[PDB]
Structures are given as structure tokens and as C-alpha cells.
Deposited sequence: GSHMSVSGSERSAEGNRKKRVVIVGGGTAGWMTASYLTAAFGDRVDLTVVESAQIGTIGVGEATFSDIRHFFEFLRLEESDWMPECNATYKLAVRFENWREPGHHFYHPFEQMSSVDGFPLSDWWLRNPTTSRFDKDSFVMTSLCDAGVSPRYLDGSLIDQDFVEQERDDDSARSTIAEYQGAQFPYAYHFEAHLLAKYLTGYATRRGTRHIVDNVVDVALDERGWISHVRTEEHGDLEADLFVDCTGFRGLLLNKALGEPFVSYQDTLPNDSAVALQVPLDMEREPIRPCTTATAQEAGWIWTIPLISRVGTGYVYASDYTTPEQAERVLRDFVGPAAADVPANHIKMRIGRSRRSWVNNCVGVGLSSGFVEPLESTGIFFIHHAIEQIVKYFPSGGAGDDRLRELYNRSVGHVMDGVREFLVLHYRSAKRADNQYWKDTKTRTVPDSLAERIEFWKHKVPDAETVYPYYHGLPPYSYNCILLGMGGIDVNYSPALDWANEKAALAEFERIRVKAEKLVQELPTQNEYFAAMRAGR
């Protein structure tokens, strides 16, 4: 009978408790200890293509939780002004078809229907441009995380972080999770360096077979108590700061990432407000200037809203599971939210905690090794993907954007980029370990950002293009039909609440 103690009551702590509750029911003992004094990070409002697995694993329907979390649909990230002023493109959550053995991006490079690869190749692009729900009013859409990401439309969500945490708190406590409001004030280690207990101020000492560090950037257990080194990603991704605001027509079904002079601004539309933030590199602009740029970007509704200034710890713990302690969430690592991967890292982590859950006996070192390899691959792969956003962005208007082309690139990515100049990204040339990103994602960024010239495959000069023309026409016909038929998110969620 295993006991798990989760330290931290942010999104990471309550996702962990709820997921473990859904996986193990009352057969594993779960305790969350969270501080009333120490706040959560206060952001984290957009998700990634994994996310439908999480809510379905909890056996929750969208109507169960979306109204309570002011949640909306996220069908894509909309990138504005990365290639050039006034240009936008999408990374949509939608599989890219292959025709006669070549991805649609290859055919598009040879014979584009329009100048917009995303518009020609994915229906979700038109839904985002039109501002419609992916689901009809009758509810219809137009087991592992990986399998859910393989769905035709593996869409995601926007939500209020605090409301999701409160929702998941009720979900987990109603299903047996013990909820302690207290500070962990000491982490006691035994002679072999394992955690023997966490000491609280008022609830005594908590023992467990597994301690989950969900304490955020501070990494109280994994980093402080166990001394696990942290590996910076700042050589390749200099953005180290953010300033965020919550500020009270069709709701656009995507996150917007609008490139700025020293970083980029997110727009996350919720049911009753917008979450917004400027992620920036402090070497290139000040917190004062970044807040000014953000408030100016939002406009007069951002006048007297309080700013949340955040210094980010960018990188990952060398190992996320050390002895009897596993870091989940910001304690394990973090990269800038350009593709909204933080909750994906949490979700992946907790799926892997279940997968590699220890017995207490033989094999546990190998299970921990596999766990650590899996989470390290996800973060290292995503880091490559994020670097590609900056390395392929065409804009070069100032020192910041010029430096994206000269700074460190992971060596393996540099080689992939050289291949991608003549073969569009595919399974052979993408980071080969699971990191949540199928090849179409790389295609969307590479072609959208527009800074690297990509050649279509010479074979397409001799292949008959009839099937490819037919597939582009099918997508165009479907997109124009869907845009006329689907309701807005406003109407959809009004009916859901009703």
C-alpha cells in the first residue's frame, strides 16, 4: 500500500493528485500539502494537443468543467508579425495529410494554391480566421497521450488557471485526496539520501513512498533538499522574464503569439476576460518597458490592471526523479510558453509516474531511469522545436531578432535545418524521441516563419499531381463549408451553460 505526498497546490500539484486519483482510485494514498502563504505562479492558461487525454482520463466531459473554468477552445497558435509586419500564420492542432507518399507541405511548395500554407493545408486555419467553434451546437466535432495527439483534431483549451486548480481540488478531495494547508518547513533525509519525511508547521511529519515536488520554480525538494542540478536552456532561448495581465465579438479559438521588439506577447481569450503577457529577454528590455509595451498593446482596458512580473527559470532538472522524489511542473523544468507546453510537461510527467510507478523492490532503479529519459526527451525535443521558432523567423529588424540567427542552436537541430532546406520535416529528420510534436508541427513553423528557404522534393517533378490537387480542393471545400455552418464559441458556450 503506497503513500504519495504531493508538496504544492498549483496546477502541478492538483493535476498530479487528480490524475493519480483517476489512475489508482483509493488503492494509493494521496496527500497534497500546500501553503496558504506562498502563492501559485498565477499564469498557465493555454494548453497543448495532449490535453484532451487528461480530462478524458479523469472521466470528465467538457460540460462538467469548462463553464466552471471559464474555458474556451484552442485550435491553434496564431503567430503574428514573426515573418514580417502584418503577417500571421497558424500552428494548428490538425494532422497534415500525405498524398502519394509525400506530405501536403511538399506538394504545396511545388504548387501552392494560395500564399498561405496553413490556409491551404488545414481546415482549422479557416475556423480560427472565421472565429467559430470546432463543435456544432449538437455537440458533434467537425488511450495514451500519444494516441490522443494522433487524433485528426487533437485540439486544446484556454482556461483560468486558478479556476482549474480549484476544480481539480474538489475533484481529488471528493475522491479521497487528503488536503493539508500548511508550509513544509524541513525536508528530512535519511542516511542513503532519500527523503524520510517532510516536516510541516502544524501537521507533523508526512511520510510517503513517493514525494512529488510541485513547489514551482523553487524546487524545494528536488533542487533544494536533494540538490539535483538544474540545466539552463538560456544559451538557446534567452527569454527569461514575463509580465502578465488579466483584462476583463466572436471569441477567437486560438492563442495569439505576437512578436515584439524583445520577445512576444500572448493573447489567451477566456469566457469573460483575456489573459495576456509579454515574454521577453531582460538583456534587451527592462521590466518597466515591457510592462509599458504590454499595456499599450492591450489598450485602455489595461490601464489600472495589476501587473504580474515573473522571472522564469528556463531549462530542466538534470533528472526529474531522484530517489523517492519526482519533480512535476515548474520544479522539473520550464521553457517559455510560446507553444503552451507547461501543462503538457505536467500531464506527460504524471502519465509517466503511473507508467513507471515503483514497487519498492527490484527494478525500481530501471523504472526511474526510464522515467528520467522520457521526461528529458520531451523537454529537450520541445526546446529544439521552440528554438526553431526563432531560428526560422524572417524578421531581423533589430538586434534581438538579428541575434536569433547567430546565437547557439543545439547541434542536432543545426543539422536538421540543413536537411530541411531540401526535404520538408518528417519522421526521419525530426528529434527522434517522443516530445509531443509530430512532423506537421515543424512544417507549420518552418513554412510560416518564412526565414529559411525550403525546396520541394525533386520527385514531385515526375509524380502525377492529380491526387494532390484533389486533396487541396477537398480541404478548401470543407473549410468554406464549415465556416458557414459552425456556431461561434460565444453561442456554443451560451448553450452549454443553458
Where the deposited sequence has no C-alpha coordinates (positions from 1, in order): 1-17, 160-174, 281-285, 536-537
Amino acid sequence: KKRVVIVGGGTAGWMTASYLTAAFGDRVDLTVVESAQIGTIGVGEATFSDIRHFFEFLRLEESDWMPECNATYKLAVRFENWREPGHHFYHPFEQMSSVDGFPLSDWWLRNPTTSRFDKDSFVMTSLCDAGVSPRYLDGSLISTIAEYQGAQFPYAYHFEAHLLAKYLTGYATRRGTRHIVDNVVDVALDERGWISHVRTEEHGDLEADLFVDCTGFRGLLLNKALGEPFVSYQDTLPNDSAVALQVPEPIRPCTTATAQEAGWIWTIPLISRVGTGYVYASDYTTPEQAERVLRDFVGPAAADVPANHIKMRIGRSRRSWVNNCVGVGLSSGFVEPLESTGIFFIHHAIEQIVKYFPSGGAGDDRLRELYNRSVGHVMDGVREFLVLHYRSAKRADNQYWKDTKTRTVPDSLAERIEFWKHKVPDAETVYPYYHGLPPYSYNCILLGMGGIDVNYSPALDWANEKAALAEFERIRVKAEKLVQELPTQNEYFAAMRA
From here on, numbers count along this sequence of modelled residues.
Comparing 127-135 with 293-301, the one whose average Cα B-factor in the PDB entry is higher: 293-301
Stretch with the higher entry mean CA B-factor, where the candidates are 12-20 and 482-490: 482-490
Residue selected from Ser97, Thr215, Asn111, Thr72 by maximal Cα B factor: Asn111
Selection by C-alpha B-factor (highest) of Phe230, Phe344, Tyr280, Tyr155: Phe230
Lowest, middle or highest third - CA B-factor, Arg373: lowest
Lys466 - which third its CA temperature factor falls in, relative to the rest of the chain: highest
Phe55 - Cα temperature factor, lowest/middle/highest third of chain: middle
Third of the chain, ranked by Cα B-factor, where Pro306 sits: highest
Assigned third (lowest, middle, highest) for the C-alpha B factor of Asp453: highest
